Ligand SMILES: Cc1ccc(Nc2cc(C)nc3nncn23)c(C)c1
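Given next, in structure tokens, is a single chain: the form deposited without the ligand.
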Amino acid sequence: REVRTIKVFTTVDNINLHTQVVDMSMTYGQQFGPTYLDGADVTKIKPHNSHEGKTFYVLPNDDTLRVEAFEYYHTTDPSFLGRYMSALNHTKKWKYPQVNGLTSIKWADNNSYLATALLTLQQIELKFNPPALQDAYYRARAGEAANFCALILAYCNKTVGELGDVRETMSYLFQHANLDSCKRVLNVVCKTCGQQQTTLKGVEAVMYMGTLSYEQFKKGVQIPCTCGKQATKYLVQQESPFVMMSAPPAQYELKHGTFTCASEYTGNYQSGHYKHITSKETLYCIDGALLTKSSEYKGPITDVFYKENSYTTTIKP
């Protein structure tokens, strides 16, 4: 019969704010359904004076919100916002030191794979299609990386605390990147079967699993033919700002100025730790918040990133 009310804003995207007047006697839950304040689940909290004028996230439960959510995130996955908020609640508590002019993450909750991915993303040319991802990437480049990390988690369907794979993370993120112009032309040659050429576009044009060396891919790599015998696969043409070469972790020597950055993986599928090696004026090894320099580097490398623009082979088949 006596009611206290505050004004708050609800949103799915943090750009379109929708005015609400809420009753302080009931929970946010009772009023909006699942509600979050800066990542924290406030579904079962009651509105408080300090809340007046703040923005709360809600799940998209009307047509306007569904459209906004889709336009912002480019996903219709009903669990997405929940998982993002959940992740954000953890990532907002992590530390993001500047290390050698790059935003890193101090180790917490098995986040070594995310630190490595975050560092990599700052050194290759990539534009994301979902406004959420692109906005968050710009802020992460500027030093505020908590949202970006939470979004990477939500898009890769990974929970805070779980061991992650960098190659898999890059692959999922790449699905949301504009890589439509990227083109790869391959040739596979059999002394018996002949020469078979393949054109790839998009994510598949910038990724390779089986060798770390971009040079080796240009020169030719041995693979089975349908004939049963050994054929040569080699890169004919590449049009992309970068390429990613991956392989199961093995001892490998990184030579200064022959690549942009690399992932080191110590461990197996059940446990392990990533470190990031970048080529600048010398070799930097970024391990979360820790930085070491060296002229040479030899370690279990699993991904290497190289710069590219437009490459044509000099091989005449």
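All residue numbers refer to positions in the sequence shown, first residue = 1.
If you average the C-alpha B-factors over 155-163 and over 133-141, the higher value belongs to 133-141.
Comparing the deposited coordinates for 255-263 and 58-66, the stretch with the larger average C-alpha B-factor is 58-66. Between the residues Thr169, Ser112, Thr103, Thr232, it is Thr232 that shows the highest Cα B-factor in the PDB record. In this structure the maximum Cα B-factor among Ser240, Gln195, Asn147, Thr76 is found at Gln195. In this PDB entry, the Cα temperature factor of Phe217 sits in the top third of its chain's modelled residues, the highest group. Compared with the other modelled residues of the chain, the Cα B-factor recorded for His273 ranks in the middle third. Ranked by C-alpha B-factor against the other modelled residues of its chain, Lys93 falls in the middle third.
The entry lists a Cα temperature factor for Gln175 that places it in the lowest third of the chain's modelled residues. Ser25: CA B factor lies in the highest third for its chain, per the PDB record.
The following text describes the form solved in complex with the ligand, which does not appear among the structures shown.
No clash is found between the ligand, overlaid from its position in the deposited complex, and the backbone or C-beta atoms here, as no atom lies within 2.4 Å; the site counts as open.
With a 4.5 Å cutoff on heavy atoms, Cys190 counts as touching the ligand in the deposited complex. Contact between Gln98 and the ligand in the deposited complex is not found at the 4.5 Å heavy atom cutoff. Contact between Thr226 and the ligand in the deposited complex is found at the 4.5 Å heavy atom cutoff. Using a 4.5 angstroms threshold between heavy atoms, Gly194 counts as touching the ligand in the deposited complex. Only one of the listed residues (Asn157, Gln237, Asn178, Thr198) places a non-hydrogen atom within 4.5 angstroms of the ligand in the deposited complex, and that residue is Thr198. Of the candidate stretches 118-126, 181-189, 142-150, 89-97, only 181-189 contains residues with a heavy atom within 4.5 Å of the ligand in the deposited complex.
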